[PDB]
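Notes for the structure review
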Amino acid sequence: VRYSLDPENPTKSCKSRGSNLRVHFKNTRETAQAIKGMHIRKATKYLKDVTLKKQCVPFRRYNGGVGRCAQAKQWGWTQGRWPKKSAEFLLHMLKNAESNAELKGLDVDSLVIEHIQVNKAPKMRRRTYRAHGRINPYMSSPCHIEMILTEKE
Amino acid sequence: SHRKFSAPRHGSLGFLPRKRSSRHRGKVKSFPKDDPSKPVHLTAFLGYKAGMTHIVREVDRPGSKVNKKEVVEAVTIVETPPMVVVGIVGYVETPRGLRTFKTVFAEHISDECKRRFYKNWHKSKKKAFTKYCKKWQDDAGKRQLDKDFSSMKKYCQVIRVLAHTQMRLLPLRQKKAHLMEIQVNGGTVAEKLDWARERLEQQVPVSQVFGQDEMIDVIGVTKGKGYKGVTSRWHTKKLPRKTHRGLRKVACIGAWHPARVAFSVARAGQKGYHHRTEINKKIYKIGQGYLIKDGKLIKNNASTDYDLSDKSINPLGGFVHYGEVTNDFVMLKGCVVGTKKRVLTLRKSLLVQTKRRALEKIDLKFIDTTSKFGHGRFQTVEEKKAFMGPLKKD
Amino acid sequence: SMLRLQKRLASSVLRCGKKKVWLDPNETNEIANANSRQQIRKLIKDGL
Amino acid sequence: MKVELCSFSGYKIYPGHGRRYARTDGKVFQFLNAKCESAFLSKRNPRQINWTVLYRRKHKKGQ
RNA sequence: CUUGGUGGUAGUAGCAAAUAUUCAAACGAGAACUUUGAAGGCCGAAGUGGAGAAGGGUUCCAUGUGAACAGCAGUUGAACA
RNA sequence: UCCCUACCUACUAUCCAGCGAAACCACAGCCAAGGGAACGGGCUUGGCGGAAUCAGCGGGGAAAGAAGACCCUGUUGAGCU
RNA sequence: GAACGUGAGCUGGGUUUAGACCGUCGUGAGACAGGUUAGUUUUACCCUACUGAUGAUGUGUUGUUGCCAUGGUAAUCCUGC
Ligand SMILES: [Mg+2]
Ligand SMILES: [Mg+2]
Ligand SMILES: [Mg+2]
Ligand SMILES: [Mg+2]
Ligand SMILES: [Mg+2]
Ligand SMILES: [Mg+2]
Ligand SMILES: [Mg+2]
Ligand SMILES: [Mg+2]
Ligand SMILES: [Mg+2]
Ligand SMILES: [Mg+2]
Ligand SMILES: [Mg+2]
Ligand SMILES: [Mg+2]
Ligand SMILES: [Mg+2]
Ligand SMILES: [Mg+2]
Ligand SMILES: [Mg+2]
Ligand SMILES: [Mg+2]
Ligand SMILES: [Mg+2]
Ligand SMILES: [Mg+2]
Ligand SMILES: [Mg+2]
Ligand SMILES: [Mg+2]
Ligand SMILES: [Mg+2]
Ligand SMILES: [Mg+2]
Ligand SMILES: [Mg+2]
Ligand SMILES: [Mg+2]
Ligand SMILES: [Mg+2]
Ligand SMILES: [Mg+2]
Ligand SMILES: [Mg+2]
Ligand SMILES: [Mg+2]
Ligand SMILES: [Mg+2]
């Protein structure tokens, strides 16, 4: 289907996407920036380090209230967190991403992740009860993911 | 409107950047202006704060009511083992300031001092001052050195010396040595230089530097106490019980139409770990440490002229949070800034101290060695053994 | 797997609280296939 | 420095510590610590208490 | 102003009433919360017990399910079939 | 209770994983005097000015709150005498 | 003196609601710069401000020991011989 950015050489690349994912939008954007240029083998390790609070993610745009941590200094920033949930999802997405490449006939250990992009999705809603008989909304913020691999040694 | 009942203000505005110091060791901000009358001598020294104890002495001050009486007086122990000279550095005087002209290190530098120039020692290869020490094993290197010294003969006015501590001997955990600059206040620059050139790479004890019944200025960092509210920091009045939203506060800050809040008003923050300067601390006694003679070592430091008993200043069960005091020390009157194991920078007085009190002569009668770890009731162990007797375990 | 039903019946048979019933943890799969009161009376006589 | 003795315990008091108590009748007493002080005010007879000297003295211990 | 939609404020305020959980094993893709056993605690017969009325109206029981709900999760449930 | 404050304990606040609001919002947000609807965040003239951010704090924003209930006007009313 | 400084800093005794007692006035409903007693004191997580805390540009990278242009500023008074 029509992706936003067309790859330069289809022979080299493979596509993959994922729709309507119950995750926080704001977490997934910044974690998605740090990985953007990296190697696939570095990242699948890297994300596992996040699960153990070993390597942080620097929070740049969506930075309101976020506490400081020491590991961010590698990136050149103070604020960082170890957002587990967002890691576990787009690790399923790489495996699904890699297998699909195998059908097209490529070497896995040359694949550089060239592009990634998040979009907001249709909000769900439940409610919470408050004082003096008032009922505010209590809304989810789910997100659309998509990504494009390119071979680069 | 006017305040009804006038009252003096809490605190001082002249200290009020109440902030955590970048530095941990106290900088000697300004040394004295040297004078030829005296021969050359060193202005400053580096000690460590061990603990506290009692003293007893007959005092002689005609005119006072306490004339011919045996008072007691509290004293600190500052362990000041000898420091090692490893360098000089010149300082030209300008209308802008006092620019550093040319530093000259020695050939051989110890590993305690080398430790300072690296963050991670285990990792590093320890390659410091290798290519430099070549200048001390060639004709050309010493030749440029001679040019350096001749320049410093001409143009440089002031000379400071780089003297590091011998931390290896101490019981502490850190092995990393403290370097430090020490200004020389003496005669002419040539003399001052040939003396330091003579003493380069040499030991320096304290008996050389300081003497007894001298007033000195103690510098050091305060014992930090963390976050404390404005009450404990600035010492305001507590509010009464009926308050809704708390009472350990200052209620009105400032007025309306000076629409800002002034800097003088007391707020909350960090207390302590402020750099500080106590003055007029009299040196009652420089006690000599442990040293071996005739096979056996002689360690009876606290034996005085009147008691003539063998005990040392080391109390029962060691000084708390320190170790065994083997090296030389000083016994200052009163408290001083800083906690245990804390470095304490001693300095000679800027002002010419000449009063009836400052010229007073000390004659100690007794040094208390009883335990600090609870209500001690025994000076020494043999006295204990006599009072108690033989135990079951023996 | 899921044995709250069997504990409940055991209590109704013995006419006591299920607080007192002791089951053998080892023969779990053997208990799970009970689903019936006479078959439990059989397990009682059996002694598990 | 008259190293005064403790009235209660029988220990030798050294100069800086301890706390003297001068009553209205006279009879200046010395005490090493509040432990002795509290027993003194509650009027417990020291000859019964083990750690004191008078106990081991009464029962002829040592020598 | 009317209806409908979307922002900053914010991934913040917050999920603090009445003492408490811990070890192993099983199914299962996955378990701080499921189940069993073991150990430690509480309600302490004016009860956090056993039975009824008015009132609710299939919520009772079993098997299976794991979309949505149970303000975290759940192999569970008064949810669904 | 006060001279006169100090120390200790539990629940929080704090940091983290998960989940996640609303009031409010013309633009925005460093000061002195000056004149001006006679007390300016913006104007004039002066003083100056350095990314992004954390925990606190209550001087200001004539802060939010509720088309002023006291007063007056109204050829607008009700309750009572 | 500074919005007769200072209430999202307190208190709420008095003024200044609703309940009630008295004297005088008014036939009465009611009145009194005439007395008396009981009577819900809201929100901060915004911007700035101050306080303290990470950090930022430039010298190719990195430590080291050091320099001071600027701000701040402190001591007081009394008794006896
Ligand atoms: Mg923001
Ligand atoms: Mg905050
Ligand atoms: Mg609620
Ligand atoms: Mg006055
Ligand atoms: Mg109150
Ligand atoms: Mg002590
Ligand atoms: Mg918070
Ligand atoms: Mg939080
Ligand atoms: Mg609650
Ligand atoms: Mg509780
Ligand atoms: Mg109870
Ligand atoms: Mg029942
Ligand atoms: Mg049922
Ligand atoms: Mg859960
Ligand atoms: Mg969390
Ligand atoms: Mg304005
Ligand atoms: Mg304000
Ligand atoms: Mg206001
Ligand atoms: Mg109105
Ligand atoms: Mg109106
Ligand atoms: Mg009208
Ligand atoms: Mg008219
Ligand atoms: Mg009418
Ligand atoms: Mg006013
Ligand atoms: Mg108020
Ligand atoms: Mg106010
Ligand atoms: Mg009144
Ligand atoms: Mg009448
Ligand atoms: Mg100045």
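How each quantity is defined
- Residues numbered from 1 in each chain as written, not as in the entry; some residues may be left out.
- Chains lettered and ligands numbered in written order.
- Part of a larger assembly, values for the part shown.
- Heavy atoms only, no water.
- Helix = DSSP H or I, 4+ residues; strand = E, 2+ residues; numbered from the N terminus.
- Buried < 20%, exposed > 50% of the residue type's maximum accessible area, 1.4 Å probe, protein only.
- Contact = heavy atoms within 4.5 Å.
- Areas by Shrake-Rupley, 256 points an atom, 1.4 Å probe, with all protein chains shown as cover.
- Salt bridge = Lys/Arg side-chain N within 4 Å of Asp/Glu carboxyl O.
- Polar contact = N/O pair within 3.5 Å; in protein donor to acceptor, adjacent residues only side chain to side chain.
- Nonpolar A, V, L, I, M, F, W, Y, C, P; charged D, E, K, R; others polar.
- Near = heavy atom within 4 Å.
- UniProt positions renumbered as here; feature names shortened; annotations may be inferred.
- Pairing = 2+ DSSP bridges.
- Axes fitted to C-alpha atoms, helices over the stretch in contact; angles between N-to-C directions.
- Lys, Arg positive; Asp, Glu negative; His and termini not counted.
- Patch = residues over 30% accessible without salt bridge, like charges linked within 9 Å, V, L, I, M, F, W, Y side chains within 5 Å.
- Charge placed at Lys NZ, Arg CZ, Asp CG, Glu CD.
- Parallel < 35°, antiparallel > 145°, perpendicular 65-115°, else oblique.
- Left-handed = near helix turned anticlockwise from the far one by under 90°.
- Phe/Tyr/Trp six-rings, centres within 6.5 Å; stacked < 30°, edge-to-face > 60°.
- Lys NZ or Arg CZ within 6 Å of the ring centre and 35° of its normal.

Of the regular secondary structure elements, chain D holds 2 helices and 0 strands. Counting the 63 residues in chain D, one finds 24% classified as buried. The contacts in chain D between residues at least 6 apart in sequence include a share of 28% that link residues at least 24 apart. When the accessible surface of chain D is summed, it comes to about 4,900 Å², and 49% of that surface belongs to carbon and sulfur atoms.

Contacts between chain D and chain B engage 7 residues on the former and 8 residues on the latter. Counting every contact that joins chain D to chain B gives 0 salt bridges. The interface formed by chain D and chain B includes 2 residue pairs in polar contact. Across the side of chain D that touches chain B, the residue classes break down as 5 nonpolar, 2 polar and no charged.

With that settled, consider the protein's contact with RNA strand F. With respect to spatial proximity, 31 residues lie near RNA strand F, and among them A:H24, B:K237, B:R248, B:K249 and B:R267 are the closest. Between RNA strand F and A:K85 there is a distance of 3.1 Å, counted from a phosphate oxygen to a side-chain nitrogen or oxygen. Within the side chain of B:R248, an N or O atom sits 2.4 Å from a phosphate oxygen of RNA strand F. Only α3 (84–104) and β6 (134–139) of chain A provide two or more residues apiece to the surface near RNA strand F.

The least C-alpha distance between chain A and chain B, which are not in contact, is 17 Å. Chain A shows no contact with chain C. Their nearest C-alpha atoms sit 29 Å apart.

Under the present numbering, the feature "domain: TRASH" (unreviewed entry) in UniProt falls on residues 6–44 of chain D. End C-alpha atoms of residues 6–44 of chain D are separated by 16 Å, and the span's content is 23% helix alongside 0% strand.

We now examine the sheet that holds strand β3 (residues 69–72) of chain B. Residues and elements named next belong to chain B. Strand order in the open sheet formed by 3 strands is β3-β2-β18, with antiparallel pairing between adjacent strands. Edge positions in the open sheet fall to β3 and β18 (364–366), since each of these has one partner strand only. Pairwise comparison of adjacent strand axes, ignoring direction, gives a mean angle of 40° for this sheet. With 4 bridges connecting them, strand β2 (residues 56–59) and β3 associate as antiparallel partners. Bridge assignment links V56 to a residue of β3, and that residue is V72.

Quick look at the side chain of B:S371 now. Assignment of secondary structure puts B:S371 in the loop between β18 and α7 (381–388). Among residues more than four places away in sequence, those in contact with B:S371 are B:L316 and B:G376.

Time to look at the side chain of B:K49. Residues and elements named next belong to chain B. Here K49 is to be found in strand β1 (residues 44–53). An unpaired buried charge is present at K49: no salt bridge exists, and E278, the closest side chain of opposite charge, is 10.0 Å distant. Beyond its immediate sequence surroundings of up to four residues, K49 is in contact with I77, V336, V337, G338, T339, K340, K341 and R342.

Quick look at the pattern of salt bridges now. Oppositely charged side chains may form a pair once their charged atoms are brought near each other. All chains considered together, the criterion is met by 16 salt bridges over all chains. Its salt-bridge partner being B:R168, residue B:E112 comes within 2.9 Å of it at the nearest N-O pair. With B:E112 in helix α1 (residues 111–114) and B:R168 in the loop between β7 (158–164) and β8 (181–183), this pair connects stretches of sequence that are 56 residues apart. In this structure B:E112 comes out as buried when scored by relative accessible area, which is 9%. In this structure, D:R20 engages D:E4 in a salt bridge whose closest nitrogen and oxygen atoms are separated by 2.3 Å. You can see D:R20 sitting in the segment before α1 (34–42) and its partner D:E4 sitting in the segment before α1, a full 16 residues away along the chain. One salt-bridge network, held together by shared partners, links B:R57, B:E73 and B:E360.

Before going further, it helps to examine the sheet that holds strand β1 (residues 14–21) of chain A. Residues and elements named next belong to chain A. Across the sheet, 3 strands lie side by side as β1-β7-β4; this open sheet has antiparallel pairing. Single-partner strands in this sheet number two, and they are β1 and β4 (111–120). Here the strands of the sheet are splayed against their neighbours by 15° on average, with no regard to which way each runs. One ladder, built from 9 bridges, connects β4 with strand β7 (residues 143–151); its direction is antiparallel. Bridging from a neighbouring strand, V112 pairs with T150 of β7.

Residues and elements named next belong to chain C. Taken together, the side chains of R4, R8, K18, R37 and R41 define a basic patch exposed on the protein surface. Taken together, the elements giving at least two residues each to the positive patch come down to α1 (4–14) and α3 (37–46). Tracing the backbone shows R37 in helix α3. Relative accessible area serves as the criterion here: at 44%, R37 is assigned to the partly exposed category.

Right, let's talk about the packing of helix α2 (residues 40–51) of chain A against α3(A) for a bit. Working note: a packed helix pair is described by the angle between its axes plus the distance between those axes. All names here are of chain A. Orientation of α2 relative to α3, taken along the N-to-C sense of each, is 150°, at an axis distance of 9 Å. Regarding the angle of α2 to α3, the classification is roughly antiparallel. For α2 against α3, the interelement crossing comes out left-handed. Across the interface between the two elements, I40, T44, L47, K48 and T51 from α2 touch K84, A87, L90, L91 and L94 from α3. The residue makeup of the contact of α2 with α3, split by class, is 6 nonpolar, 2 polar and 2 charged.

Let's shift gears to the packing of aromatic side chains. This model, assessed by the stated rule, comprises 12 aromatic pairs over all chains. Residues D:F8 and D:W51 carry aromatic rings whose centres are separated by 6.3 Å and whose planes lie at 65° to one another, so their mutual orientation is edge-to-face. Remark: D:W51 occurs in the loop between α1 and α2 (53–58) and D:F8 occurs in the segment before α1; sequence separation between them is 43 residues. By relative accessible area, D:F8 is classed as buried at 6%. What makes D:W51 partly exposed here is its relative accessible area of 37%. Ring-pair connections join several aromatic residues into one group, and the members of that group are B:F105, B:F117, B:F129 and B:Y132. Looking at B:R57, its charged tip hangs above the ring of B:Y284, at a distance of 5.3 Å from the centre.

Moving on to unusual backbone geometry. Positioned with a positive phi, B:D294 is a non-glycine residue whose angle comes to about 60°. With respect to the secondary-structure elements, B:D294 resides in the loop between β14 (291–292) and β15 (297–298). The backbone phi angle of D:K27 is positive, close to 45°, even though this residue is not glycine. Considering the arrangement of structural elements, one finds D:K27 in the segment before α1.

On to a nonpolar patch on the surface. All names here are of chain B. A cluster of nonpolar residues, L350, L351 and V352, forms a patch on the protein surface that exposes about 330 Å² of accessible area. Checked against the element boundaries, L350 lands in the loop between β17 (342–348) and β18. Given a relative accessible area of 44%, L350 falls into the partly exposed group.

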